[PDB]
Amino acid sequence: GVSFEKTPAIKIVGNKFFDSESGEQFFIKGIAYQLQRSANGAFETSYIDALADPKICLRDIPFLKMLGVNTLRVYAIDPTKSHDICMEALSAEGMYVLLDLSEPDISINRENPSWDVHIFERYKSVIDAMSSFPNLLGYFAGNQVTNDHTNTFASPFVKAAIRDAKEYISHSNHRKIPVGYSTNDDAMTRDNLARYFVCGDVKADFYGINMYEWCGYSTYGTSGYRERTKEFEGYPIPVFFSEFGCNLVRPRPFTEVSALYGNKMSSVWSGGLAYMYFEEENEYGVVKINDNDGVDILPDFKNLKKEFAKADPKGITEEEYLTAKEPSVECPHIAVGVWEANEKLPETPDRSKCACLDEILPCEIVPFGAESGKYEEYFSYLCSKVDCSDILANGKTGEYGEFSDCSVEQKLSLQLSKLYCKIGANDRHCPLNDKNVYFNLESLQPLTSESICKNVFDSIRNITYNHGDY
C-alpha cells in the first residue's frame, strides 16, 4: 500500500454499503479502538487520540491485521492534531474508520439536552480534521443519547445534529461522508428509536446498534438475533452492530460472528464491530497493554480471530441490488412517559447571535476549566429568581427559546446578568459564587454605528429591563 489506494471510498446506496470502485457490497468486520488514560493538571486532553500518535497506532495495526478487521470504531479524536500517518497506515492494510463527532466532555447531554453552538463547533472541527481520508467510512452524530423511556426527548436534538452535520458536509469541499447514529438495545424504546431516526424530513444515513444479546454459546434463534433480523428487514438505511461481544462469561467464544455473516443475517445486516481492542476496567478487551507499553494477546483475541477468519458474507453487487428497485416514514406518536421525541427539531445554532452575548452581558462565566458539575445547581438557583424561558429547550413539545442554541456558559451568563440587573446594586458583584464568574468591562462600551450586535442588544435590553416586575 503506497497511499490510500487499498481503501476506495465506501458509498451508501439504499440500505447497503458499496465499494465505490468495484461496486461490490461492503461488510464491516470491525473492532472498537480507543485507549483510556493510562494529564488534567498539565492541560492535556482527558481522552487519548491513538490515531494522532504513530507510536501507538503503528504498534497496534499489526495486531489488528492479525485479527482480520477491516474497520475500527473510534470514539474521540483531537482535531488539532495530524492524523495522516495513522489513517494512511490503516488504509495500507485495507482498514476503514467509523468515528464519533463528540468527545466525552462535549456531547449531547441526555439529562438536559441542547443542540448548541459549542457542540456544533466540536462536530465541525472533527469533520474538518478527518474528511480528507477516503477510508473515513462514516461519522456518528450521537451514541446512545436516549437510552430508556425517561429521556426520549433527547432524540430531536440528535436529529438536528445529523441535519446540521450533513448540511455542513454538503456545503464543504469534502467528500460527502455519511452521518449516522449508534443506539443501545433497550426493549421499550428500540422500535421507536429506529423509526424516529428515519422519519420525517431528516434521516440518519446509517444506523448502528450496540448489540449484546448473544452471550456465550448462544444460537440465532435463542439469542434474539432472529427477532432483530426480522424487525430490520427492509429498513431503509444500512444497519450493523456498532458494538458486540457480551462478556458475562469469559473467555468469549464470539460464535455470534458465525450468525452475523451467515446467509440469513448478511442479507439484512452490514456486519458489525467487536467491543473492544483494549483490556480496561470493564473487561471487554482482546489485548492487554503491559506496564512497558507492549501488547499481550488475551484468550478472547484468538477466538475472535478464528471467527473472523471463516466469516465470508455473501453480498450482492450494486448493479444486482438496484435491479427493479429505486431507493416518507411517519414519526412515532407521542405517548407521555413512553415516547416523547417531537418531530419538530431545534434550529441550526446561530454562532453570530450567541457571540453577541459574550460582548454585551455584564456578568459572565468563562468556559475554560469551568466546573460543569455545578451547572444543575446554578440553573436551579438562577431560574428560581429570573425567567429562564429564553433558554428552555423542550424536545417533548418542540418549544425552543430565543437563546436555547447558545453555549451552556452563554446561557448561564444571560441568566446571571438578568439577576444582576434585577437586584440593581450596580456594584459589579455578579451574584454567583464560582471562580469562573466575572464582571465584563466590555459591557460598559456602547455599541457603535453600526455594530452587528444591535439586534441582540435590543433583545437583551428588553429582557433585562422588562423582567415582569410591574
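Note that residue numbering begins at 1 and tracks the sequence as displayed.
According to the entry, the deposited sequence places 4 to 9 unmodelled residues between residue 38 and residue 39. Unmodelled residues of the deposited sequence between residue 104 and residue 105: none, the chain being continuous. In this entry, the higher average B-factor at the C-alpha atoms falls on 289-297, of the pair 88-96 and 289-297. Note on 440-448 vs 24-32: mean CA B-factor is higher in 440-448. Among all modelled residues in this chain, the alpha-carbon of residue 307 has a temperature factor (C-alpha) in the middle third.
Ranked by Cα temperature factor within the chain, residue 7 sits in the lowest third according to the deposited record. The PDB entry assigns residue 373 a C-alpha temperature factor belonging to the highest third of its chain's modelled residues. Sorting the modelled residues of the chain by their CA temperature factor places residue 262 in the highest third. In the PDB entry, a CA B factor belonging to the highest third of its chain's modelled residues is recorded for residue 45.
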